[PDB]
Amino acid sequence: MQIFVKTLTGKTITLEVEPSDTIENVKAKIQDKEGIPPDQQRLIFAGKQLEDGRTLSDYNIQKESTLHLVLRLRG
Amino acid sequence: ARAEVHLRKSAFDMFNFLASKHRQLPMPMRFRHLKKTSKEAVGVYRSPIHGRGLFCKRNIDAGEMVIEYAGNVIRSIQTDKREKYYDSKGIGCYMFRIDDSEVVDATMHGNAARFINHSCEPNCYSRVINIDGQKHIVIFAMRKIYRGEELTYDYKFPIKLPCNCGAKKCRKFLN
Amino acid sequence: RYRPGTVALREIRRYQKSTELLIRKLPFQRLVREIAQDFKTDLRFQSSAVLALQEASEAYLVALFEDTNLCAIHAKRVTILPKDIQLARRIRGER
Amino acid sequence: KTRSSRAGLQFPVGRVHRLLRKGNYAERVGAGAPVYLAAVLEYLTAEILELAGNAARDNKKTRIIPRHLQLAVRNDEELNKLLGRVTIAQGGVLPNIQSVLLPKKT
Amino acid sequence: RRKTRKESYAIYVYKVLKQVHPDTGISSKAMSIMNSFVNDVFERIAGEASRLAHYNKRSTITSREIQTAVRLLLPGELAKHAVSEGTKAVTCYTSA
Amino acid sequence: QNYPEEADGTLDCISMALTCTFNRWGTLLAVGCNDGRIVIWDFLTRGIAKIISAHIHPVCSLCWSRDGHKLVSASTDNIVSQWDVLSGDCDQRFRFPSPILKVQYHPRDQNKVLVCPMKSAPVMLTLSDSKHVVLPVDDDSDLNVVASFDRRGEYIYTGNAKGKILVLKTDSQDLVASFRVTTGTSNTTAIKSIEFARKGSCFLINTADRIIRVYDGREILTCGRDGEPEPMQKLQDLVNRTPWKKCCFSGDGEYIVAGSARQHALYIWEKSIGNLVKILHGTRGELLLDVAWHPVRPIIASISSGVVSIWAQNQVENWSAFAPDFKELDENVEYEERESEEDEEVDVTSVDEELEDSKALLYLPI
Amino acid sequence: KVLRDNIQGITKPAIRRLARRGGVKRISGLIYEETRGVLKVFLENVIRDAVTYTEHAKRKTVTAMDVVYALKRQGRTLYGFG
Ligand SMILES: Nc1ncnc2c1ncn2[C@@H]1O[C@H](CSCC[C@H](N)C(=O)O)[C@@H](O)[C@H]1O
Ligand SMILES: [Zn+2]
């Protein structure tokens, strides 16, 4: 599908996530796309917890949704 | 007074800093002192001998390495075009000939030591050494520097640009 | 050659560049053996240990010399004298 | 899992904490003490070794002999203030001749 | 006879030297002298900090006391550089 | 460019100086002197503009209008007056039941000023008709609440003194969003204040758990009524535990600056990486009052104890700027010489981001 | 405050008497300034260590016992204050 990853500065990024693609692979694709390490990112959907070692289908997030990529620190 | 034309029109000046105030161990490893502890002992002010000069607010005694002179080092073929451009732009004889084969031009690139003067009663003499295989000119003093005087070295020209310094021994010429 | 005082400067500079020890091994070792025998008998020394002491000595000793040097300069002369050594030893605060 | 990489330093931190714990300097220590000590030792070692390398490349020799360390420690002034009463094995002494003892003639 | 295992600050300072000047070799004698120097400064600072902690009726050794010790012991602007570097290291360590 | 690396002296036209703030890009300094007067100094020009005899009791805060024609002052004697920038007299005068903490002007609505009364809900006073509109709050109405606009002032954010943050509209007052701060591990925490920026809609929050946190003004209306706290970086000082008094945002939108109380430790970080980059070396003995960078150029200027200390980037152009064809550099390579040796009748007439905080119209050359 | 005065607070007879307790007679008139200088450079370190010690203890007054503690840190010990 396609979802939005909203950052802190205010830029909006649109990415494609498959129904059967784990979150770790999505983070790896993001890291190879724009260089932000997975340790510097985590998913938040409308102020709700999302982890890295899981899959989108386990959370059942609707399409065209925005995810609060609340910034992190290296390591 | 906007109705009488005063004289001394042509100037041909480049370093527009002329003011009326002028309110002033082994060999190889001494390179550090050239670039770090060599920017306070000398100020730039209006010379009394001729034009601009390097006045002093500090003191340096005999046998003390002070400054390395660097500039656009070129061969002797460029001397012809360089002198033609000196005549055109109104450029002084900055043909600093370290030897007859290489000359240190100082009209397109040069260091702060472009501000020096000449007189038959100078304060320092020239010297050159070789560090790391490269020949570099560093000056060692023979006396102490007082506060408020200008560096000047004898050009050692064997006996028309006059040398107007006012000294009694001043030969009034580069000779 | 001639002109005494010229060769001294050359020797002192040559040795200032160098960084070797200055005391023959065997005489100093035997002296340390004797001064140890003064305290206790039949002490086996480590060859590394002796060397150790050796270096420290020169360090101490050379410092003393330098001090005496400037003391002679304070007395309007070049040659150093025994009296200057007692001067340095007393003024250092180690008598 | 390691602990030195948590701050990005190079000197070990677990070793420092163990050695300070068995060093009976006190009975109970905090968490920032070992990392802080590792950091300050890092800074001092870097400060000394940079001058060591500069002196090594002075004489164009790859290996750093202790003479280079002696020169680098002595020529600096803050080190001489901090390394006051300390010598160096095989260190030697920096060249020095008194000013008034310099003969000359015409 | 029976081989023994000894600890020296050999690998870490070597890594530091490579990180700074990855073109210059080091000698074993220099290795030992650097080991002695680091042991010396470590013991000096630790002992001074400990006796200060005893002086204040405190049974603990915090991180603050060590920076007080390095303010006292280290002279000049080197003290400021070292204390700033230590604060940087601890701040970068905690949130990890 | 990068963070300021040089140090500047003081700027004391008069001995006392309590508060300071830049207008839009650091034009004039609004000094609220501790004598009941309002002094205006000149920034980037090192001068003074106007002295206003406001009242007897001194003031404690200052801000200017969106159109730059007013000088609002959170008085210590409840004088909510609209002093004129031009003439210096009072245009509008009003009294509030509670004093004011943070005065601001919406860059799109100068009619409704920003007021932060204590033990009462924030009140917007309309300058067109002198009418007070109370901001609807939740739960208690006697808490130490601070109210502040967003980047554009289109939404207003309020912080209470139990752990609750409220989101509503600057003009419609439709309170439809709340937020509960994290309760540590066992004990809850109140909020001291929040502080915004001019780009990115980020905002720092200062709480009573000794830790400064950061949020963004976009995750509360997106989550809805109330969600789970999730800051980016829980920055703090873990070697001295200095409390936090006043801290503002960067002049570029990527840095974060935090101020001490008496320790002279001015900390800085960047939003991308929460790693310390530099620390300020301040001379101990004074209490910091206000900090606010140049909203465009990296520089730091902190007021304290009647004086001001500036750490800056002092710059003078190089001597080699005489002409583009004239340079004064040094090289040891041989000179690389050159290798390549209309008519119209038209007269000449032609002569962070930007917001609306302009038109001070205050300058007296004589 | 920083004032050039009170530096000459040790007027000439005090140094005279101190020299007498030292056991000297002929002192040149240009000794006083360098005596002031050496006294100031000495006092700098002790007062600095004392203020650091009192600051670390979270109080803004200085006692005598911390002063002798700093003095012992340098190496010169005092007896008679605890
Ligand atoms: N006193 C003097 N009178 C006339 N020419 C001088 C001079 N001293 C040096 N020169 C010439 O000027 C050339 C350097 S340019 C002079 C330095 C610089 N422009 C200044 O204002 O001082 C040299 O080649 C030298 O020959
Ligand atoms: Zn002359």
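Numbers here mean position along the shown chain, with the first residue as 1.
Recorded method for this deposit: electron microscopy, 4.2 Å.
Even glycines carry a Cβ here, placed using N, Cα and C.
Copied over from Swiss-Prot:
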- G:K12: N6-butyryllysine (MOD_RES)
- G:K12: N6-acetyllysine (MOD_RES)
- G:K12: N6-glutaryllysine (MOD_RES)
- G:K12: UFM1 cross-link (CROSSLNK)
- G:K25: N6-propionyllysine (MOD_RES)
- G:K40: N6-acetyllysine (MOD_RES)
- G:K58: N6-lactoyllysine (MOD_RES)
- G:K58: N6-(2-hydroxyisobutyryl)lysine (MOD_RES)
- G:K60: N6-glutaryllysine (MOD_RES)
- G:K60: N6-acetyllysine (MOD_RES)
- G:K72: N6-glutaryllysine (MOD_RES)
- G:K72: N6-propionyllysine (MOD_RES)
- G:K72: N6-(2-hydroxyisobutyryl)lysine (MOD_RES)
- G:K72: ubiquitin cross-link (CROSSLNK)
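In the three-state DSSP assignment, the secondary structure recorded for G:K72 (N6-glutaryllysine) is helix.
Closest by Cα distance to G:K25 (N6-propionyllysine), from the modified residues G:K12, G:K40, G:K58, is G:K12. In sequence order, G:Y32 are the residues near G:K12 (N6-butyryllysine), counting only same-chain partners six or more apart with C-beta under 8 A. Of all the modified residues in the list G:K58, G:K60, G:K72, the shortest Cα-Cα distance to G:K40 (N6-acetyllysine) is found for G:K72.
In this structure, the CA atom of G:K58 (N6-lactoyllysine) is 21 Å away from the CA atom of G:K72 (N6-glutaryllysine).
Using a 10 Å radius centred on the Cβ of G:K40 (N6-acetyllysine) and all shown protein chains, the other Cβ atoms total 10. Of all the Cβ atoms in the protein chains shown, 6 others lie within 10 Å of the Cβ of G:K25 (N6-propionyllysine). Between the CA atoms of G:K72 (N6-glutaryllysine) and G:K60 (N6-glutaryllysine) there is a gap of 21 Å. The local packing around G:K58 (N6-lactoyllysine), expressed as other Cβ atoms within 10 Å of its Cβ over all shown chains, amounts to 7. The number of other CB atoms found within 10 A of the CB of G:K72 (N6-glutaryllysine), across every protein chain shown, is 11. Reduced to three states, the DSSP call for G:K12 (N6-butyryllysine) is helix.
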